[PDB]
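# Pasting an experimental structure with its sequence.
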6 protein chains.
Amino acid sequence: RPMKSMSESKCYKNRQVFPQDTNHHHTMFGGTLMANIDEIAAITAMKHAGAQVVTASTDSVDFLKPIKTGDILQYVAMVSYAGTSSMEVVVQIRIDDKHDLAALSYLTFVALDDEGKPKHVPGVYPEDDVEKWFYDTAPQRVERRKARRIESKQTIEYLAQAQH
Amino acid sequence: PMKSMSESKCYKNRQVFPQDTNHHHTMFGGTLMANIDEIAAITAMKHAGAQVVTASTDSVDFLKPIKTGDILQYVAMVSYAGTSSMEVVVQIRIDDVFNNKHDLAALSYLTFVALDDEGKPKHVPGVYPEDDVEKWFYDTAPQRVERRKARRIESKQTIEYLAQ
Amino acid sequence: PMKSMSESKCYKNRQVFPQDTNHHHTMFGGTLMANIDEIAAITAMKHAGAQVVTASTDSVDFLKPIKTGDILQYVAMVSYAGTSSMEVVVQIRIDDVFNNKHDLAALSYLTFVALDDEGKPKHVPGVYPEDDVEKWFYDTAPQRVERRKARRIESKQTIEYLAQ
Amino acid sequence: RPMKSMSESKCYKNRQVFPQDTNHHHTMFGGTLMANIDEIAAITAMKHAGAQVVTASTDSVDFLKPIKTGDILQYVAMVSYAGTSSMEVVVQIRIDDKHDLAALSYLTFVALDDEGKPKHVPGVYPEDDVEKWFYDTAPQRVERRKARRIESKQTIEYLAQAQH
Amino acid sequence: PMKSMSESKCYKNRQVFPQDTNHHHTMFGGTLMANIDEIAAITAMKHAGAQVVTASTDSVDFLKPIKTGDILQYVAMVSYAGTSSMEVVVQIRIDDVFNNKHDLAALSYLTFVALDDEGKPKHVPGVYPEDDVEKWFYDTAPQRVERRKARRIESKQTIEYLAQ
Amino acid sequence: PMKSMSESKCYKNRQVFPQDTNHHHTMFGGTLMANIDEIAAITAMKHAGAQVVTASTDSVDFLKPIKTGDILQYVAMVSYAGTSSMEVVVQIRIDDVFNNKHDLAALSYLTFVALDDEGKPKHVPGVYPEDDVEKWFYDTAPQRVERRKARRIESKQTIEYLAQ
Ligand SMILES: CCCC(=O)SCCNC(=O)CCNC(=O)[C@@H](O)C(C)(C)COP(=O)(O)OP(=O)(O)OC[C@H]1O[C@@H](n2cnc3c(N)ncnc32)[C@H](O)[C@@H]1OP(=O)(O)O
Ligand SMILES: CCCC(=O)SCCNC(=O)CCNC(=O)[C@@H](O)C(C)(C)COP(=O)(O)OP(=O)(O)OC[C@H]1O[C@@H](n2cnc3c(N)ncnc32)[C@H](O)[C@@H]1OP(=O)(O)O
Ligand SMILES: CC(C)(COP(=O)(O)OP(=O)(O)OC[C@H]1O[C@@H](n2cnc3c(N)ncnc32)[C@H](O)[C@@H]1OP(=O)(O)O)[C@@H](O)C(=O)NCCC(=O)NCCS
Ligand SMILES: CC(C)(COP(=O)(O)OP(=O)(O)OC[C@H]1O[C@@H](n2cnc3c(N)ncnc32)[C@H](O)[C@@H]1OP(=O)(O)O)[C@@H](O)C(=O)NCCC(=O)NCCS
């Protein structure tokens, strides 16, 4: 199948952190971060897929270090895994000084056709070491995400029964 | 000291406005995550009786598309209490006001950490369920928690690698 | 056909963000009114089992200042059911998560009208209280309703005069 | 006491109604209207008072005619009554063609000093007929607002008892 | 066919809040520009008697910092009428309610084009001044118009050239 | 002291949604301008190594309508370095993910000034280009700078004159 580099659809974001972006302890609101993460990931996935996409799941968001008033942020997003119709997008959130990693997130997107049906996406390959790390560690993440979906179906059925 | 899941359980009924949705009239994943985080944090704060921070979004499963004009019900509760951490589960339902029936649109799990005035992790009360759904989430929590703990290991591996 | 006040009762737990407050860190009256209207409409829709429109905001009493960082609980319910109209009462409380205690920050009464698919006023179910607070608002509704009806007269006088 | 004309602090607003401002039946959201109303009223009150102000209450908002996608709106706000430290602001919302009155609102504001204590405001006088209508009909509205406050205190006490 | 400059004059009043400012309490240029575009568009729309689009924004100089708590009045009117295009002049004033002071902080010029339902440029009424200030803007418009028209060519050229 | 133009280059990616457009699916100029100002400021801040303020925005020509669903890439870099001031050039491109097409829709120039903690203008590093496109902007900057500097005088004059 047609292949793309991870760099090819890679997206960047630069953002300032203002007092209105943080709580009274000067820590940036998680919701704002989450909104930015999803936004940049969706564009990256659309670029890789060459089609419209939908967020299937947020696999994880880890908040490693507090982001503070006055900090400058750089977001880096890229496709780290390509299934048949699905993509894993990895998003790094760094505090710009040289850069410190403030947060790490993985999301899964599904490409859709004009009919709204899942559509095939190109494969992806890394070119430099970091890209290779994310590419190499993805299959394990994917398998875990799949196991979690399996368990989730049990909960959904229980919750559907709870309503009747 | 222990609290019931009901003591800190939180609800939110919300309309989905155009500012919340994309060009396909589907609610932003980022916005949903921000709303989820917002209500979950309040639940965690109520349970801990102290300030909290979002440690992670463990997962968000986007089950059914949420559309402009939909009515949503968010339900959040503490399903697990560690030493300093809490798992909050958030159910996001699409309310059918005409038929008094609701569809589960999304399911999310998050981890919060309670802090003292000095800003260091602080002990939280234990938690216990009382009704069936509470018991379902409470009973299935240990397996999720083990996964979260497993993820932390990998995040640390990636951080360690990225420091290059 | 009659419904209990509990059947359509709605809740909202919300954090107050900087985007919601002025330079004195006080929440906008307009924003509070928008949130009030939003939750009240959902309650009215649930009760009517049909689409609704806001006929009027009968009053909003701003009792205690709401500040950036506050946690709010909104509670909305139908306190009166006319032929096509409903009175919805909304309580806005400031939650003290530390002490599990809340202060009443604002009180509001609104009138909604149910509509059919053709867009004309439509009959709504009757309403009855079950617990003490519900009974309080239900019992005091007739006096408020007479005031609202009295106001309509004056609004019509003013409209009639303004047509000049 | 020092006196100001109603025209002296009068404020205007012109706004377009876009599809994103209206629901699926092309009717403008009440919350947006309410937000604009409070915003313009607060500025009018500040201008009249020559000081910071707070919204004491929203005395009423009547939605007389549906506002639709593509409509052009004009807001007119002015002080129609001046107590000792308080002001009534009347806000007219018109659909611009010659103009049709879509909504009518009355709010009460309280002027505060730098210490945050209620402060005396100038008196107000009308100059043209419409201003005179609003000025002339105010005392009755004020008295009704006062009677309503009296009743509200009973509810607040009941709700405060309900919590213990 | 001719209209006065005052006939289509539009207003917007808004105060500057902390969420609108940087770390030192200075208003964002983008917020100001968004507001300018909004009010100018309404004026142009009213004068044209049809939908409009922004063809261009002339430069804007920020001479003095606009600060948290400042109250701004935006005033817009048509200063020139071409065939299908209009120059809109927007005055941005700081209202100092405390001292009854009204200072002009910034001046902005924009060009709007009237369009028909087919989306094609449409003839507009002409415009005429009535007082000295209106006449000043009216008199100085032609030079600005000829310069921006030349500038459009320069812009097209630069874009075409860079696409290489 | 010198920095490359690429060294402080900043990015922002955002798609155009219905809430961002007028009745005919065309993007608001104000939204574009807000985005431009945001990304330019971050670039200037990074290059300066200090806080910055927008001194001015050169004119912007809207040559082609930006439409609902378009994906925009904002790219900002410093094209000129004065003593305390910088010219920031912002390219706005429409990414067409479907066809792997990247077209330059608009170009914008802004002037930023670096300030010290006292709020006084501060010396900035110089800037140098490395590739042809950077060099083009670098080469054409002085003319733009001298013209805007003259224009500031004109702006001050006009404001001083109108205050009469
Ligand atoms: C309400 C206002 C909005 C906000 O402030 S929240 C927006 C999120 N923004 C942030 O900046 C959060 C930054 N993250 C941090 O500060 C973290 O390091 C945090 C949560 C304080 C933990 O600090 P540490 O020094 O690592 O403490 P610790 O290692 O002993 O762990 C304490 C408990 O927290 C858990 N934890 C830490 N990191 C986690 C993670 N990524 N995901 C899930 N769980 C995590 C950890 O398992 C531990 O649990 P327990 O105490 O054994 O029950
Ligand atoms: C959820 C999406 C957001 C929205 O659409 S709501 C934002 C508000 N925007 C609007 O455009 C509402 C416009 N207002 C209207 O359309 C009204 O005329 C309305 C409510 C439909 C009533 O239409 P009418 O032709 O006058 O019908 P009607 O005179 O027979 O009265 C029907 C019931 O409604 C009541 N009512 C009408 N106007 C009212 C008012 N200002 N304040 C309080 N109550 C009012 C009226 O008392 C009557 O009650 P009942 O049926 O006897 O129980
Ligand atoms: C995913 C969705 C589009 C349809 O689900 P579906 O019918 O089960 O799709 P399919 O069964 O045909 O599976 C096809 C792909 O979807 C992936 N997928 C489906 N659900 C997933 C989930 N919870 N998590 C991760 N991947 C998922 C599958 O892995 C598969 O990818 P692959 O074949 O490349 O391996 C829908 O459930 C959904 O996501 N609604 C939410 C709307 C939304 O996301 N709004 C906010 C962001 S736009
Ligand atoms: C009103 C408030 C400032 C303090 O109330 P208070 O202590 O009772 O004030 P006072 O008893 O000293 O009364 C002084 C004035 O307030 C007026 N007032 C007080 N409560 C009022 C109410 N519910 N409705 C109308 N007027 C009221 C009184 O009429 C009086 O005016 P007057 O002397 O000119 O006739 C406070 O309760 C409040 O409004 N908090 C809400 C914050 C807010 O409004 N946020 C959104 C908008 S900024």
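Now that the structure is in, tell me what you want to look at. Numbers count the residues shown, from 1 in each chain, chains lettered A, B, ... in the order given. Ligands and ions are numbered 1, 2, ... in the order given.

# Show me what from chain A comes close to chain F.
A:11-16, A:39-40, A:42-43, A:46-47, A:49-51, A:72, A:96 (C-beta under 8 Å from any C-beta of the partner chain). All C-beta atoms are positioned from the backbone trio N, CA, C, and that covers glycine.

# rerun that using 10 Å as the cut-off
A:8-9, A:11-16, A:39-40, A:42-53, A:70, A:72-75, A:77, A:96 (C-beta under 10 Å from any C-beta of the partner chain).

# Strands of chain A, residue ranges please.
A:3-5, A:11-16, A:52-63, A:72-82, A:86-96, A:99-112, A:123-125 (DSSP state E).

# and the fourth one, anywhere near ligand 1?
No: shown here: strand A:72-82 not in contact with ligand 1 (C-beta under 6 Å from any ligand atom), separated by at least 11.9 Å.

# returning to what we had before: could you pick out the buried ones from the residues of chain A next to chain F?
Neighbour counting with 16 or more other C-beta atoms under 10 Å in any protein chain shown marks A:8-9, A:11-16, A:39-40, A:42-53, A:72-75, A:77, A:96 as buried within those.

# With residue C:21 as the reference, measure out to the residue of chain A found nearest ligand 4.
Closest approach between chain A and ligand 4, counting by C-beta to the nearest ligand atom: residue A:20, at 18.0 Å. In this view, residue A:20 and residue C:21 are 10 Å apart by C-beta to C-beta, to the nearest Å.

# what touches both of those two?
Residues touching both residue A:20 and residue C:21 by C-beta atoms under 10 Å, 6 or more residues apart in numbering or on different chains: C:68, E:17, E:18, E:19.

# What is the nearest of these to ligand 3?
Taking those together and measuring to ligand 3 by C-beta to the nearest ligand atom, the closest member is residue E:19, at 25.9 Å.

# Mind naming the longest helix for chain A?
Counting by DSSP state H, the longest helix found in chain A is helix A:129-163.

# Work out the gap between that helix and the centre of the chain.
Chain-centre distance of helix A:129-163: 14 Å, with C-alpha atoms, centre = their mean, to the nearest Å.

# Please list the residues of chain A that sit near chain C.
A:18, A:19, A:20, A:21, A:22, A:23, A:24, A:25, A:29, A:31, A:32.

# So which of those is the closest to ligand 3?
Among the residues of chain A next to chain C, residue A:31 lies closest to ligand 3 (C-beta to the nearest ligand atom), at 15.1 Å.

# How about the closest one: what's its closest non-neighbour residue?
Nearest non-adjacent residue to residue A:31, counting by C-beta to C-beta, 6 or more residues apart in numbering or on different chains: residue B:34, 3.2 Å away.

# Number of residues surrounding the one you found?
Residues lying near residue B:34 (other C-beta atoms under 10 Å in any protein chain shown) number 19.

# so how far is chain E from it?
According to C-beta to the nearest C-beta, to the nearest Å, residue B:34 and chain E sit 16 Å apart.

# That residue and residue B:14 touch, don't they?
No: counting by C-beta atoms under 10 Å, residue B:14 is not a contact partner of residue B:34; they are 11.9 Å apart.

# Overlap in contacts, those two.
Between them, residue B:34 and residue B:14 share these contacting residues under C-beta under 10 Å, 6+ apart: residue B:20.

# Show me what residue A:100 is bridged to.
The partner list for residue A:100 in beta bridges (DSSP bridges) reads residue A:95.

# How many residues are close by it?
Residues near residue A:100, counting by other C-beta under 10 Å: 13.

# Residue A:61 now?
27.

# give me the beta-bridge partners of it?
Beta bridges link residue A:61 to residue A:105, residue B:57, judged by DSSP bridges.

# Pull the most distant pair out of the shared contacts of residue A:20 and residue C:21.
Greatest spatial distance among the shared contacts of residue A:20 and residue C:21 (C-beta to C-beta): C:68 and E:17, at 10.7 Å.

# who touches both of those two?
Residues touching both residue C:68 and residue E:17 by C-beta under 10 Å, 6+ apart: A:20, C:18, C:19, C:20, C:21, C:22, C:24, C:25.

# and stretch A:89-107, how far out from the chain's middle?
Using C-alpha atoms, centre = their mean, the offset of stretch A:89-107 from its chain centre is 11 Å.

# end-to-end on it?
5 Å (C-alpha to C-alpha, to the nearest Å).

# and residue A:97, what does it touch?
Applying C-beta under 10 Å, 6+ apart to residue A:97 gives the contacts A:71, A:72.

# before we move on, the earlier item: my read: the residue of chain A closest to ligand 4 touches residue E:31, true?
No: contact criterion C-beta under 10 Å: residue A:20 and residue E:31 do not qualify, at 11.9 Å.

# The residue lying closest to residue A:138 once chain neighbours are set aside - how many residues pack around it?
In space, and not counting its chain neighbours, residue A:138 is closest to residue A:81: 3.8 Å by C-beta to C-beta, 6+ apart. Using other C-beta under 10 Å, residue A:81 has 22 other residues around it.

# Pretty sure residue A:134 is one of the things residue A:81 touches, is it not?
Yes: at 8.4 Å, residue A:81 counts as touching residue A:134 under the criterion of C-beta under 10 Å.

# Common neighbours of these two, please.
With contacts taken as C-beta under 10 Å, 6+ apart, the residues that reach both residue A:81 and residue A:134 are A:6, A:88, A:90, A:106, A:141.

# Throw the residues you listed into TSV and include neighbour count, thanks.
Output for these, formatted as TSV (neighbours: other C-beta atoms under 10 Å in any protein chain shown):
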residue	neighbour count
A:6	24
A:88	25
A:90	27
A:106	25
A:141	20
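
# Sort out which one of the residues you listed lies nearest chain C for me.
residue A:106 (26.4 Å; C-beta to the nearest C-beta).

# ok, now which ones touch the closest one?
So residue A:106 contacts A:37, A:41, A:57-62, A:80-81, A:88-91, A:134, A:138, A:141-142, A:145, B:59, B:151 (C-beta under 10 Å, 6+ apart).

# could you redo the last one with a cut-off of 6 Å?
A:59, A:60, A:90 (C-beta atoms under 6 Å, 6 or more residues apart in numbering or on different chains).

# And for residue A:112?
A:52, A:119.

# bridging residues for it?
Beta-bridge partners, per DSSP bridges, of residue A:112: residue A:52, residue A:118.

# mind checking how far it is from chain F?
Counting by C-beta to the nearest C-beta - residue A:112 and chain F are separated by 13 Å.

# Spell out which parts of chain A neighbour chain E.
Neighbours of chain E within chain A, by C-beta under 6 Å from any C-beta of the partner chain: residue A:20.

# hmm, stretch A:153-164 touching chain B?
Yes: residues of stretch A:153-164 contacting chain B under C-beta under 6 Å from any C-beta: A:158, A:159, A:162.

# Which of the residues you listed sits closest to ligand 3?
residue A:159 (15.3 Å).

# Name the nearest residue to the closest one, sequence neighbours excluded.
Computed as C-beta to C-beta, 6+ apart, the closest residue to residue A:159 that is not its neighbour in sequence is residue B:104, at 5.7 Å.

# how near is the one you found to residue C:8?
21 Å.

# Residue A:112 now?
Taking C-beta to C-beta, one finds residue A:112 at 36 Å from residue C:8.
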